[PDB]
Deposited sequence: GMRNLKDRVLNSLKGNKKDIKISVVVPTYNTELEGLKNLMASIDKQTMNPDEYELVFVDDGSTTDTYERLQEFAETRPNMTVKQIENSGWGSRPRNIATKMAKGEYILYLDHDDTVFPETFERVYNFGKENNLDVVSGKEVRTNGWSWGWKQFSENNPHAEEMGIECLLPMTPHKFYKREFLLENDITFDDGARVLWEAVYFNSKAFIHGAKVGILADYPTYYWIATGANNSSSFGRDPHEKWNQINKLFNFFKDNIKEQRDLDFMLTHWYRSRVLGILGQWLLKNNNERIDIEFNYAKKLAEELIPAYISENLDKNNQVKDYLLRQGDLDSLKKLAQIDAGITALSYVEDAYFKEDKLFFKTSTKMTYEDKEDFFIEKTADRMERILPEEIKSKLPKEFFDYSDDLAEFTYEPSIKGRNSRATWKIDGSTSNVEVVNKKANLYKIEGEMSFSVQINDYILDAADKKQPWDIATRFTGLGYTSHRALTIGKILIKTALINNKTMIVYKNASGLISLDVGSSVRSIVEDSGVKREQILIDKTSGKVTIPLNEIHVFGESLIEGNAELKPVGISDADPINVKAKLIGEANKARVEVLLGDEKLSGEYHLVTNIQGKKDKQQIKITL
């Protein structure tokens, strides 16, 4: 009885990525006999099919099959879905990887809640967030929130196989189709799929490769956009779900070219896509959709229907550079957490303040008179929107690429009158980091982490790395965790845990005049200078001794321990049975990171 079937369409697959893919599947905690691998090669010109057969020699649950070239992976996925015999289907691309506990966690969550679709937390290489809203916390009954529960609509979820067949849910293999997973996930919800969101564990890694061009030209792009919008209006029968998909895709893909997109494209490309977007808004988008959009997007929709492209270009110049960068006001360790105080304000490129202007009873967007004398009065009136600001912290593992919201933060955003009638938008936030909240695999215990802040307001979303101007290096030894918060070479805030990029002995310093040598016991005690120590810690390492002067001598390897107790830290070096006379260099090697403290001892 097979629980999970892994559908993998392959075509000229990069071998190293294929080896990583096979590795991540082998590392699954689920028993290998409870799952199966269904590979379907899309007629690879290279030796991809021969390699897939070589992988299948040592794995009896892996089934390989080759088909004619089809151009995309929807047909290979369909053939593999019919060959598959597991309760749940995962559509894994040939250049992605799966986290080691995904199968057991996802199946248990779906089986216990009788889920037809398990939308598990997905990780991407770049960016500070992915599925920030949906991958917040677990939701066994996510379909009760509407079709939004399936966003982001990648095919990298788990689908109950019998549910797909009972409703004839396949991939669009009739022709080349952009966003084929939006059709797929939407069809699932249209047929009443019980959807659950598994957000407490990274299930899938969507890897960026650089080699990742159909639809790049403007005509096939808007041909697929018209095809996707028609599908929404024709297949989605629930009004709330239809209005959501219409609003979400009109805002992101149609109105999404009416802002900064206008400043990085030539005129003849703008005209083709502006006219395409104008006809689509008139023919397919009802007017009530824009009535529940934000002020700035209402302006874009209004001018689009007027054909006022020149005003949208001028607005794009006015809006260029708006952002919110957070500065570290304070950063320190207290007990077993790292504490932060951050501040931010809306600016143009971390420089002069962004302003809104107060006129009588309205807080208005600052616009030229030519543009204001064309828009409805309410479209640039931010008065009723000044209480929707959010200011939150996030974290990203530099190895796993997984991103998380940091819970428990305290933030506040004020609108402050700076000069005359101009108002700036200021934020203050304090939060703490408990690194155990984000360590889910064993590999997470040794990793550098990067801190970011997420600010939203007046339609703007700014998710940037946390930064600081002054030098910042602070260390901690907390319950067997070496921790270093520091300003990296880019001026951003990083947190090394487990000596993955820095040495805690180097960054803490050594009280070199306080080093103790016990000749009879052979112990050398090296107390650390500046470090926050909480709880008991013992990390085994080693040290190397070299005679001073004899620059070519073999290193004398010797046991060493990094100890944290009574709020103090030290490295104990054990000379053991080594007979030593003279002066020696001493270099500690804790967790693979050596120090540069120039330690010399005389024996």
**Asked** Could you list, start to end, the deposited-sequence stretches with no C-alpha atoms?
**Response** 1 to 18, 231 to 233
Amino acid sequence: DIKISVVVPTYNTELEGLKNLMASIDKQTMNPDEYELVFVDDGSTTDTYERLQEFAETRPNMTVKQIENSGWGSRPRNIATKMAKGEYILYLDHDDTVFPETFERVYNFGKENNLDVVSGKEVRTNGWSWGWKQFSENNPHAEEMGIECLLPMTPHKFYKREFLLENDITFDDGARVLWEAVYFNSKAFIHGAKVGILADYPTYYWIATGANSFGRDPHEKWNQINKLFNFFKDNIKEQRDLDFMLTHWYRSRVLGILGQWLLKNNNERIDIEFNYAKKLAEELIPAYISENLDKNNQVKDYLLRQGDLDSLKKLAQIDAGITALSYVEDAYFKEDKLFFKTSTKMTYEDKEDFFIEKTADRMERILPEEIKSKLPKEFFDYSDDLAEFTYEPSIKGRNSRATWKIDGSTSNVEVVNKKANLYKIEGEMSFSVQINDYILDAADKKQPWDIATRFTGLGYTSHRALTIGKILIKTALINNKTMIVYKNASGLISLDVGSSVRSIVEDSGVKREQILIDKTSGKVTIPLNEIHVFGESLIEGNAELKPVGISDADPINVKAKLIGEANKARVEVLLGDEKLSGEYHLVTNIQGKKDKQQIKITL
From here on, numbers count along this sequence of modelled residues.
**Residue range whose averaged C-alpha B-factor is higher in the record, 214 to 222 or 344 to 352** = 214 to 222
**Fill in**
Comparing mean C-alpha B factor in the record for 327 to 335 and 157 to 165, the higher one is 157 to 165
**Prompt:** Highest CA temperature factor in the entry: which of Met245, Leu492, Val510, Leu375?
**Reply:** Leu375
**Item:** Identity of residue with top Cα B-factor, from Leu516, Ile468, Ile531, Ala420
**Value:** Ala420
**Where the record places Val587 (Cα B-factor, split into thirds across the chain)** = lowest
**Request:** Could you say whether, by C-alpha temperature factor, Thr359 belongs to the lowest, middle or highest third of its chain?
**Result:** highest
**Asked** According to the PDB entry, is the CA B factor of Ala553 in the bottom, middle or top third of its chain, that is, lowest, middle or highest?
**Response** highest
**Prompt:** How does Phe231 rank on Cα B-factor within its chain, lowest, middle or highest third?
**Reply:** middle
**Message:** Sorting by Cα B-factor within the chain, modelled residues only, which third would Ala566 end up in: lowest, middle or highest?
**Reply:** middle
